[PDB]
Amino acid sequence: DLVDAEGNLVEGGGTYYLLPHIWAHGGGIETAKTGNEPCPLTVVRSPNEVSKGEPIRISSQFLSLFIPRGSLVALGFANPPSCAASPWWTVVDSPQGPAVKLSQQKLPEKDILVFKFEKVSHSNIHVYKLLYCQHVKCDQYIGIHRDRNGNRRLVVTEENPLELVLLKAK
């Protein structure tokens, strides 16, 4: 089962801030306006090391009490951008490669349940890596690739995987 930054089980359907392991390389997850988007449709990591970012909802397919380790998950904004037709993060091929975005169209479940948290080996705390799966292929990790406008975009990059500790929102 999944564990949060306080050693407790992650509540299914619950909201969490997805924080870095180490502060100095930025804060929580947010949205951003990039390219030809009329609103924040690009999921990014805040530049501010201090911050919590957006509370993110974590759900599995069976809307169960907890989320089984190695279970597919959907991740979405609790307070999503108005132009988004659903709060769920989605992966789409882009110039920077598979990018985590929001959509202006309704999405099918097969299109949202494409993430898998994976525990990283570190010591007194539960740190995760984010796996992007593709129809059952969870072999790519989500990482950061910063654009020339400064946005730390969430995309599938073959390195610099992002690591996360889950802090229960309130």
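Residue numbers here begin at 1 and follow the sequence given.
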{"query": "Length class of the unmodelled deposited segment, which would lie between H135 and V136", "finding": "4 to 9"}
{"query": "Greater mean Cα temperature factor according to the PDB record, 60 to 68 or 122 to 130", "finding": "122 to 130"}
{"query": "Selected stretch [higher average CA B-factor]: 42 to 50 or 22 to 30", "finding": "22 to 30"}
{"query": "C-alpha B-factor winner, where the candidates are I142, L107, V114, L102", "finding": "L107"}
{"query": "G13 - which third its CA temperature factor falls in, relative to the rest of the chain", "finding": "lowest"}
{"query": "Chain-wide C-alpha B factor ranking for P95, given as lowest, middle or highest third", "finding": "middle"}
{"query": "Relative C-alpha B-factor of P81, binned into the chain's lowest, middle or highest third", "finding": "highest"}
